[PDB]
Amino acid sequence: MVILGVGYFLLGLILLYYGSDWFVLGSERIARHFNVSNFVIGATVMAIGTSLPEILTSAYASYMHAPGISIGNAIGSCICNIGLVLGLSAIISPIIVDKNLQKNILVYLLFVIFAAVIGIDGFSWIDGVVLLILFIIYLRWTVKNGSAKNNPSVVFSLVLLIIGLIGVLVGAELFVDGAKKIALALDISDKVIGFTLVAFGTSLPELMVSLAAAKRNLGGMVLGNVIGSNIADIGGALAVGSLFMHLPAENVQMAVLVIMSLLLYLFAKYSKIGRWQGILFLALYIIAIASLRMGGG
């Protein structure tokens, strides 16, 4: 019970570690095959793939009459993606954002602000429909502005990507499941702590994938994965959750996300996303997890 919890924990870490690199390699190759930028492949394929945990979690939680957990997971992931994921990544591999990608980030900021405004009185299923539709439009807009029998180079690329994705998604589950089995076996299980860590567990793909891309100096891919995941977490995870049940307002967390998203845009536009910007993101994330209400909603 405690040993197989350790077994799942270690195997999950191994799958997350190597799986992320394969997912990054396959995605980088796919981008070159389709003549799209690393940002675009990160903001679409990689972002949605790594956000599959959030979507399922939010859908399931809301369906089970826990809409607090549903939006808690969605928004908490967004704060984690900028604060922790991008924070660590920018320090590892500083990013100077090109003028084209700056417009994408601006559209991201508008989306976030829009979601924050309509969410002041919580999120209804109609709010969900609109956000999902904007999500779809964002994806098509992003691909268009980043664009332009079967080859063994292409095949091997798709194998890498898919197996890499399977690795990080399964790896994240073994890690979470393993940790829960340990805590249960040691009788230190805490539901409030567990639900507080929900967003982090589903964020393990983004974290490991972005660090792997950061190590290979793929800053466009990193930035794409962060921006795209947040949009997927709002226009997808949050949205689907609201389809099952009205989600309660999280005005403080939305306010935190808006500030972080604004900072991200300002750095991208007028500066860079490097060491000291990354330090600030991490510091704000640390302050966030130190002061925000626990229970994950």
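Here, rigid core means the biggest group of C-alpha atoms that superpose within 1.5 Å across both forms. All residue numbers are counted from 1 along the displayed sequence.
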| query | finding |
| --- | --- |
| In 9 other deposited structures of this protein, rigid core aligned: more displaced of 197 to 205 and 92 to 100 by C-alpha RMS | 197 to 205 |
| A148 to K149: deposited residues without atomic coordinates | 4 to 9 |
| Entry-level comparison of average CA B-factors, 2 to 10 and 286 to 294, reporting the higher stretch | 2 to 10 |
| Mean C-alpha temperature factor, higher of 205 to 213 and 152 to 160 | 152 to 160 |
| Which of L174, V129, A74, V222 ranks first by CA B-factor in the deposited coordinates | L174 |
| From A115, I92, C78, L101, residue of greatest CA B-factor | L101 |
| Ranked C-alpha temperature factor of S271 among modelled chain residues, by third | middle |
| Chain thirds of CA B-factor: placement of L16 | highest |
| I234 - which third its CA temperature factor falls in, relative to the rest of the chain | lowest |
| Third of chain Cα B-factors occupied by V97 | middle |
| Chain-relative CA temperature factor third for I69 | highest |
